[PDB]
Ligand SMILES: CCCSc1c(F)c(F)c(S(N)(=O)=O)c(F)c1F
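One chain comes next, on its own, written as structure tokens: the form solved without the named molecule.
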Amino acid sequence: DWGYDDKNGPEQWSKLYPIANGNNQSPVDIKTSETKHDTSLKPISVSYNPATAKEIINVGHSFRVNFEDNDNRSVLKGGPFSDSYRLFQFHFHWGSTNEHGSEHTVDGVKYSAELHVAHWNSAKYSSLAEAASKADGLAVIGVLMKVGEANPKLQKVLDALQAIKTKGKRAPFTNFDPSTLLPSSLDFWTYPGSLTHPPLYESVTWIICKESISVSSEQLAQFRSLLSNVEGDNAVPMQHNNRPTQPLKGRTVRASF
């Protein structure tokens, strides 16, 4: 289809998805001596309802926890946005080693994994589908995940994986508010950017938390144990799903702090 291995991986993605070499692609390296600070950034506010949590899904290169997105029970407001973005899923990226699984890098420094929390613009559009391709369509929080001490807040997700082992497998994941995964500081960078895997739409306003969160080495291993294959085939562990940082192409990262 597209994937993360040598032959279908990130460096080949422009072949089929030629936007991969676009000007607003993601991740980036945040150079901190080149961010512009902003008066106008409001503080980020997240208000999620745990009863909108719905299902954990293994999609072969990763997994995702979907939320119910029929209404503004779980929203993202503030920061750079004038209207409310509606939560629809959270997922993680990770790498082959502890030394680099993150997507965003800060001043060249790579973290072990990255949490993406994704919201769509339900003041402007009527579906994720309509919003997903729009410049103002998507809102995504990125949390860098630093290997270190086990992170207790991962437990429910980590314990649910044992039931979505194979590509396609899915399962109810309920009563979870994923604002418990964010760092306690809400400092962030924002830049105009993209989906980090294919379709690669340039539709994401990114929110990179300044502060990292923890993940232990063994909890990363749990992510890597997930299988990219369908039950009954050869086991193919999900070693990694992180995209190299892209060129800023004249964009500016704004600091909130």
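Residue positions are given as counts along the sequence shown, with the first one as 1.
The form solved in complex with the named molecule is left out here; the points below concern that form.
- Task: Mind telling me which stretch in 154-162, 116-124, 75-83, 177-185 gets its heavy atoms within 4.5 Å of the named molecule in the deposited bound form?
- Result: This holds for exactly one stretch, 116-124.
- Query: With the partner left out of view, is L195 within 4.5 angstroms of the named molecule in the deposited bound form by any non-hydrogen atom?
  - Reply: Contact with the named molecule, yes.
- Task: Answer with yes or no whether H91 is in contact with the named molecule in the deposited bound form, where contact means some heavy atom within 4.5 Å.
- Result: Looking in the deposited bound form, residue contacts with the named molecule include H91, since a heavy atom lies within 4.5 Å.
- Does the named molecule come within 4.5 Å of any heavy atom of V140 in the deposited bound form? Yes, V140 lies within 4.5 Å of the named molecule in the deposited bound form.
- is_contact(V147, the named molecule) in the deposited bound form, heavy atom dist at most 4.5 Å: Heavy-atom contact with the named molecule at 4.5 Å: absent for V147.
- Item | Joint contact, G108, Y111 and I208 to the named molecule in the deposited bound form, by non-hydrogen atom at 4.5 Å | Spot residues vs the named molecule: no contact at all.
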